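Single chain ahead, written as structure tokens, the form solved without its partner chain.
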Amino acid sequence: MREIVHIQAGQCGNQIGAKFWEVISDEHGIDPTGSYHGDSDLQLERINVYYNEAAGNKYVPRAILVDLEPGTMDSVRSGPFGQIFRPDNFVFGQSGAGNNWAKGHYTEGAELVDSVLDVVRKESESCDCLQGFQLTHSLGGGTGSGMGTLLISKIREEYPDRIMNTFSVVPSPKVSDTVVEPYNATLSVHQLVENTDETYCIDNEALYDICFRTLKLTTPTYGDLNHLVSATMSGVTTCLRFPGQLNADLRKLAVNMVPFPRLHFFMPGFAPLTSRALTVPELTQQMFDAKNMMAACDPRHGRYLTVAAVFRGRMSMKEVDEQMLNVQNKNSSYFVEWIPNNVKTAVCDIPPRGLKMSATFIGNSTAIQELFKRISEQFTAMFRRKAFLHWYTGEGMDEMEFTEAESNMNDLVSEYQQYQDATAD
């Protein structure tokens, strides 16, 4: 269990993807040319997880960049770390998706997909022990969600033994391009529920709320939102990229985090929240706080099935242990009793840039039903009136497919409700 293949699709996908590589490359001490210039051997012990070794000391991200419009990969190429990516791994079309899931999944996206799969398969062949795939994308657009989920199903079909993970950005009216975003998001959720092992739910609603209320930015940009995304993605992947024995590979994380097939949507959390030194008691406290969640749900409204906590920087593992036991003792009701020992903690010596100590939280909470309920009602409001159906049916889609996606996402909510109430034994 060594190599992970990274895929970024659509505008949002390529934006946060790039930022992720900027951030992690710095952490691993790799320059825009792909040369190592770091301090500790700790940065190189598991570099192969994200980077291939090339002729020289050259480290190249195992990253594939996808979009149905050219513009975004021109901006990716002409960015701080643009030169680090394998030129053969840029798969771009011309037409665009026009924020239409159908175009992403069935037409324009479907005619670019084999080109992507070629690059994935090539990257795969040069892997000693492939863990699986991580896809970053938005759920609200056309390429990220339509093509992304088509890509996911094609990869699931081709590599059934491998772990499929996604970083999925959920849409919000507060940061809205369109009102078809609910349609796009729900169609994708239907795809994600079937075809993903682990989905990190990054919620634009939450990212905005954090930037506006906590960070007190009058009008937040994408750079602002993306700063929180990069931090979260860095923190969530630390256990994969540095030495350790807990959630150290994709499969071990899944077995620890996912009790039921369909219930594999995680609320990411981060502390501290900064905009462009906490005591471990404070760090642990803020993690489980509603204000620090990257999905716009209140954890206090649900119960945790499983949790993975990750502390970064020089701190006492003993102190962490006491402080995590504290939280489970003080707030016993928030943790399902029918899964003994469901909170796992890890410490990593290397902190993220600009912080001496930090914490990242990954929760499988039943409170995520709030996210799905919010999308569901927006979807229903629109679907009842049949607004813009022609956009989708015009691309060969059946109306029944909308009904199917609605049914499923509602069933997911209901399935979450059962375990929030499943105290009785």
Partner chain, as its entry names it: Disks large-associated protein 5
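Positions refer to the first chain, counted from 1.
Coordinates are lacking for 4 to 9 deposited residues between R276 and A277.
Higher mean CA B-factor, judged across 49-57 and 384-392 from the recorded values: 49-57. Looking at 6-14 and 397-405 together, the entry lists the larger mean B-factor for 397-405, computed on C-alpha atoms. For the set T149, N100, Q328, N204, the maximum C-alpha B-factor listed in the entry falls on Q328. Per the PDB record, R77 has a higher Cα B-factor than any other of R77, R156, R121, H105. Among the modelled residues of its chain, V343 has a C-alpha B-factor that falls in the middle third according to the deposited record. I368: CA B factor in the lowest third of modelled residues in this chain (values from the PDB entry). Among the modelled residues of the chain, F212 sits in the highest third by CA temperature factor in this PDB entry.
Per-chain ranking of the deposited C-alpha B factor places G71 in the highest third. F288: CA B factor lies in the highest third for its chain, per the PDB record.
Absent from the display: the form solved in complex with its partner chain. The rest refers to it.
Contact between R303 and its partner chain in the entry with it bound is found at the 4.5 Å heavy atom cutoff. Looking at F288, you'd find a heavy atom of it within 4.5 angstroms of its partner chain in the entry with it bound.
Proximity of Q323 to its partner chain in the entry with it bound: non-hydrogen atoms within 4.5 Å are present. Taking non-hydrogen atoms only, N331 approaches its partner chain to within 4.5 angstroms in the entry with it bound.
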